[PDB]
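**Student:** Can you keep this structure in mind? I'll have questions shortly.
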Amino acid sequence: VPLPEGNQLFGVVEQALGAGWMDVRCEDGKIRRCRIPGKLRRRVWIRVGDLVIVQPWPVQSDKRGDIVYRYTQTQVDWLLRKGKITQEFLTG
Amino acid sequence: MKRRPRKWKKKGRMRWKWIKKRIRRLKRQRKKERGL
Amino acid sequence: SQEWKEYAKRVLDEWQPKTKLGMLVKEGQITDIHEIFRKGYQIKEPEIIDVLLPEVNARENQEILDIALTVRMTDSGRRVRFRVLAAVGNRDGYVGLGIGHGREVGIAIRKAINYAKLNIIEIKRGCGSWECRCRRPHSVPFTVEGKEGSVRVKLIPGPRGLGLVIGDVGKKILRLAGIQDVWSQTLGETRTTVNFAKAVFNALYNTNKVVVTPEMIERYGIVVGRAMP
Amino acid sequence: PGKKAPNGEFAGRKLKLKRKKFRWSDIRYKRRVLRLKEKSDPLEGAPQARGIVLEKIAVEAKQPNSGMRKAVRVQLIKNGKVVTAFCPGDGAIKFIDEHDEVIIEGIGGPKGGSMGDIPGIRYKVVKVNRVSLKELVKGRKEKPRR
RNA sequence: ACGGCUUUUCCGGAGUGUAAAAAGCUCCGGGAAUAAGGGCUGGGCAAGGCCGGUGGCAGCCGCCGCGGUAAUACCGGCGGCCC
RNA sequence: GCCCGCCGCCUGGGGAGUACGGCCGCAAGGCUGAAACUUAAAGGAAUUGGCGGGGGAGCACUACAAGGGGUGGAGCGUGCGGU
Ligand SMILES: [Mg+2]
Ligand SMILES: [Mg+2]
Ligand SMILES: [Mg+2]
Ligand SMILES: [Mg+2]
Ligand SMILES: [Mg+2]
Ligand SMILES: [Mg+2]
Ligand SMILES: [Mg+2]
Ligand SMILES: [Mg+2]
Ligand SMILES: [Mg+2]
Ligand SMILES: [Zn+2]
């Protein structure tokens, strides 16, 4: 339900790299090696192909970022119906 | 090589004989790259 | 001292001895604490020491050296047991050391105090330091050694007024025996309290194993048992 | 093994040689005499140093602890090297900004190294723009030059 | 809280001191007046089983270890300990 | 074990018997041998349990063997997951 606020933007998980590292495709047509904060790492399980919010790192904000929130099925369905995001971004 | 009989114990490590073989393989390569 | 006289009288009447030495003490054939040593008797009744050395029951003459709890493993969990190490003495010439076990702390303490009385010994005191030649029984009369487990202890005579230069366990044990000044040297693992205490106890016992001449008794002021001014 | 040797009255030379030979197996003695710490110390034997802050970072705690520790990268003025320094206190990282100058010192762990659940960090910040950081964290003082 | 006392120290003077000064020292007048901080508080290691915040976050931690909504261990109040 | 001699070797775990230099060997290799950095244990002997595709002794139709009757396929009664 919460939306990106600032430099944050959506993203689609592509492949997990191990040791809490994911490979997320963002809305600006860039692939980023993203790091999962440990606070939500322990309680929220993330799997390839999900809509998430990613904030790029302050330095070298082109290939690194942090994942802050995961969108459930109802939230992504509501977003698709509202029209803030399209279907081809999710499906690739 | 020098003997370290503490290395032959198997708890928490691989077999010493094969570590020795790996080291010797790695030393041949450095020797051959030196003469070139 | 006055209270302990009537305490000893009270214990003496309502006691039914079970052994030979107990029978001798009850009958009045043995009257002093020194008469039960150096002849091979067995000591199995704690009332003997109560009648003959009543002041080992004073609160100030007893010491709880340590308390530990140990575990035995079972398919239904861990079973806990207590071990208590204790010592007693009369602050004059006699001392004892004991260990007790139990399901709870109080039982263990009671048994440890009980076994310490059965392990009583008498020692020798005097003055043998190069820089104090005063002939008064405030230290050990000569260098002695003892050992237990990995612990080795050497006790060295010291000048009057120096204090007990030794770890705390040794301090308590030597204080209960009536010794005021000593130097020491140790080897091994002193953090194992049981072995440390036993090593000091053995070193004290070994004062009886050193051969001496009548001249030496006069020179070092050697006193056996009670000082008796 | 037999009796310790040599014990002879006229064998002083060999005895002194033996003790000198086996003293080099002592790591404390070898590092002092060869001056190994002096050759690699970025602080050059000083107890404190002055540097410039390059960026802020966060470091994860060692297992089994959980949390993030706030640190900075510092470039030393005396020799140009870059080290990492921890910022102690609750909310202390707010009083640091990029391009500030700081005074750093050792963190006080075993053998003059790191401590606790943050290995890899050997220093901590003491002053910021010539004002004590402990004061700023408690209050009682305000950071100058805005 | 009442009643009394003293003036090292503090304020204002005379002498002595000093190459000249300043300190110091002997007297005189006024008056309890002018004067306490730093660290620690789970064990090692002396000292709280109290209250309010935070909730594996923020933080502490020489070492061992605390913190996961009922924290004697973090932040603050009130107590207490060492110098 | 108690004593009288001489020589060799060791000084927490790893990095490492490695890198660099030297000598020896046709070659394969041998002898000599650091540091930056990393880490709070690594290592020994013995104890109580639990486990073994280790041994022995015993036991059970919620085990087998010898048997009697079935459930699993259809429609329906009822409980559960999912939607
Ligand atoms: Mg060995
Ligand atoms: Mg069982
Ligand atoms: Mg033995
Ligand atoms: Mg407090
Ligand atoms: Mg205490
Ligand atoms: Mg070579
Ligand atoms: Mg069955
Ligand atoms: Mg059957
Ligand atoms: Mg059916
Ligand atoms: Zn004396």
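Within each chain, counting starts at residue 1; across the structure tokens, chains are named A, B, ... in the order shown, with ligands numbered 1 upward in that order.
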Do you know which residues are within 8 Å of ligand 10 using only C-alpha atoms (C1' of nucleotides) and all ligand atoms? Can you write them as a list in words?
**Tutor:**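 Counting only C-alpha atoms (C1' of nucleotides) and all ligand atoms, the residues within 8 Å of ligand 10 come out as residues 126, 127, 128, 129, 132, 133, 134, 135, 136, 137, 138, 139, 158, 159 and 160 of chain C.
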**Student:** Sorted by chain and rising residue number, which residues of chain D lie within 9 Å of chain A, and what are their closest atom pairs and distances in Å to one decimal, counting only C-alpha atoms, as a tab-separated table?
**Tutor:**
```
residue	atom	partner	partner_atom	distance
D:55	CA	A:59	CA	9.0
D:60	CA	A:38	CA	8.9
D:66	CA	A:38	CA	8.0
D:67	CA	A:38	CA	8.0
```
**Student:** Assign secondary structure with DSSP using the backbone only, and return the residues of region 115-183 of chain C in strand (DSSP E or B) as a ChimeraX atom specification.
**Tutor:** /C:121-122,124-126,129,132,139,144-148,151-157,164,182-183
**Student:** With C-alpha atoms retained, could you export that selection as a short mmCIF file (atom, residue, chain, number, x, y, z; two decimals), in the first residue's frame?
**Tutor:**
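Result written to part_8.cif:
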```
data_model
loop_
_atom_site.label_atom_id
_atom_site.label_comp_id
_atom_site.auth_asym_id
_atom_site.auth_seq_id
_atom_site.Cartn_x
_atom_site.Cartn_y
_atom_site.Cartn_z
CA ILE C 121 44.33 -32.69 62.34
CA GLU C 122 46.80 -30.99 64.67
CA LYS C 124 53.03 -27.37 64.70
CA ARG C 125 53.66 -23.62 64.92
CA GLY C 126 56.67 -21.45 65.61
CA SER C 129 62.33 -16.45 59.73
CA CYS C 132 62.39 -12.32 63.03
CA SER C 139 53.93 -18.72 61.75
CA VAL C 144 56.87 -26.88 54.01
CA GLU C 145 55.30 -28.17 50.80
CA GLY C 146 52.07 -29.81 49.68
CA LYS C 147 50.38 -30.84 46.47
CA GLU C 148 47.04 -31.86 45.01
CA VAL C 151 48.61 -27.49 42.36
CA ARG C 152 51.90 -27.22 44.26
CA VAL C 153 52.18 -25.05 47.39
CA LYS C 154 55.26 -23.95 49.34
CA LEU C 155 54.86 -22.11 52.65
CA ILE C 156 57.73 -19.96 53.97
CA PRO C 157 58.05 -18.46 57.49
CA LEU C 164 49.16 -13.75 55.20
CA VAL C 182 53.54 -16.37 56.09
CA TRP C 183 55.04 -16.05 52.60
#
```
**Student:** Residues within 12 Å of ligand 7 should be enumerated using only C-alpha atoms (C1' of nucleotides) and all ligand atoms and returned as a list in words.
**Tutor:**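 Based on only C-alpha atoms (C1' of nucleotides) and all ligand atoms, ligand 7 is surrounded within 12 Å by residues 61, 62, 63 and 64 of chain F.
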**Student:** Compute the set of protein, DNA and RNA residues whose minimum atom distance to ligand 4 is at most 12 Å, using only C-alpha atoms (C1' of nucleotides) and all ligand atoms, and state it as a PDB file with C-alpha atoms (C1' of nucleotides), in the first residue's frame.
**Tutor:**
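Result written to result_31.pdb:
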```pdb
ATOM      1  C1'   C E  40      30.889   3.885  38.158  1.00  0.00           C
ATOM      2  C1'   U E  41      26.161   1.144  39.670  1.00  0.00           C
ATOM      3  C1'   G E  48      19.231  -0.697  43.252  1.00  0.00           C
ATOM      4  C1'   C E  50      12.862   0.906  42.179  1.00  0.00           C
ATOM      5  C1'   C E  51      10.018   4.038  38.598  1.00  0.00           C
ATOM      6  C1'   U E  72      18.481  -5.048  38.202  1.00  0.00           C
ATOM      7  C1'   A E  73      23.173  -4.706  31.910  1.00  0.00           C
ATOM      8  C1'   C E  74      20.629   0.468  26.568  1.00  0.00           C
ATOM      9  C1'   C E  75      18.298   6.216  27.387  1.00  0.00           C
ATOM     10  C1'   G E  76      16.407   9.448  31.609  1.00  0.00           C
ATOM     11  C1'   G E  77      14.598  10.340  36.976  1.00  0.00           C
ATOM     12  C1'   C E  78      15.311   9.127  42.289  1.00  0.00           C
ATOM     13  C1'   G E  79      18.586   6.557  45.313  1.00  0.00           C
ATOM     14  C1'   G E  80      23.670   4.276  46.362  1.00  0.00           C
TER      15        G E  80
END
```
**Student:** Can you pull out every residue within 9 Å of region 5-15 of chain E, counting only C-alpha atoms (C1' of nucleotides), but drop anything in the same chain fewer than 5 positions away, and send it as a list in words?
**Tutor:** residues 26, 27, 28, 29, 30, 31, 33, 34 and 35 of chain E
**Student:** Residue 27 (chain A): which residues within 10 Å, counting only C-alpha atoms (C1' of nucleotides), same-chain residues fewer than 4 positions away excluded, as an MDAnalysis selection string?
**Tutor:** chainID A and resid 9:12 31 85 89:90
**Student:** Show me, as a list in words, the residues that have an atom within 10 Å of residue 226 (chain C) when counting only C-alpha atoms (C1' of nucleotides), minus same-chain residues fewer than 3 positions from it.
**Tutor:** residues 33, 34, 90, 91, 92, 93, 94, 122, 123, 124, 125, 178, 223 and 229 of chain C
**Student:** Please write the residues from the selection above to a file, keeping C-alpha atoms, as a CSV table (one decimal), in the first residue's frame.
**Tutor:**
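This went into part.csv:
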```csv
chain,number,residue,atom,x,y,z
C,33,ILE,CA,41.6,-33.4,72.5
C,34,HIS,CA,45.2,-34.4,72.1
C,90,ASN,CA,39.7,-23.6,66.9
C,91,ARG,CA,42.1,-20.8,65.8
C,92,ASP,CA,44.7,-22.4,68.2
C,93,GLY,CA,46.1,-25.6,66.8
C,94,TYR,CA,43.5,-27.8,65.1
C,122,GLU,CA,46.8,-31.0,64.7
C,123,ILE,CA,49.8,-29.0,63.5
C,124,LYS,CA,53.0,-27.4,64.7
C,125,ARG,CA,53.7,-23.6,64.9
C,178,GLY,CA,46.0,-20.0,64.3
C,223,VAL,CA,54.4,-25.6,70.0
C,229,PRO,CA,50.5,-19.5,77.7
```
**Student:** Applying 8 Å and only C-alpha atoms (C1' of nucleotides), which residues near region 96-104 of chain D remain after dropping the ones on its own chain fewer than 3 positions away? List them as a PyMOL selection string.
**Tutor:** chain D and resi 48-56+85+92-93+123-130
**Student:** Up to 12 Å from chain E, what residues of chain D turn up? Count only C-alpha atoms (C1' of nucleotides) and give them as a PyMOL selection string.
**Tutor:** chain D and resi 61+63-70+87-92+107-118+137-138
**Student:** Which residues are near ligand 5 in this structure, taking near to mean any atom at most 8 Å from a ligand atom and counting only C-alpha atoms (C1' of nucleotides) and all ligand atoms? Format them as a PyMOL selection string.
**Tutor:** chain E and resi 45-47
**Student:** Just want the 10 Å neighbourhood of residue 48 (chain F), counted on only C-alpha atoms (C1' of nucleotides), with same-chain residues fewer than 5 positions away dropped. Output as a list in words.
**Tutor:**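 The neighbour list is residues 71, 72, 73, 74 and 78 of chain C.
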**Student:** As an exercise, work out the distance from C1' of residue 71 (chain E) to CA of residue 69 (chain C) in Å and give it to one decimal place.
**Tutor:**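 So the answer is 27.0 Å.
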**Student:** I need the alpha helix (DSSP H) residues of region 18-77 of chain D per DSSP on the backbone, written as a list in words.
**Tutor:**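 Matching residues for alpha helix (DSSP H) in region 18-77 of chain D are residues 18, 19, 20, 21, 22, 23, 27, 28, 29, 30, 31, 32, 33, 36, 37, 38, 39 and 40 of chain D.
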**Student:** Hey, list the chain B side of the contact with chain F: 12 Å cut-off, only C-alpha atoms (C1' of nucleotides), answer as a list in words.
**Tutor:**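 The selection requested is residues 1, 2, 3, 4, 6, 7, 9, 11, 12, 20, 23, 24, 26, 27, 28 and 30 of chain B.
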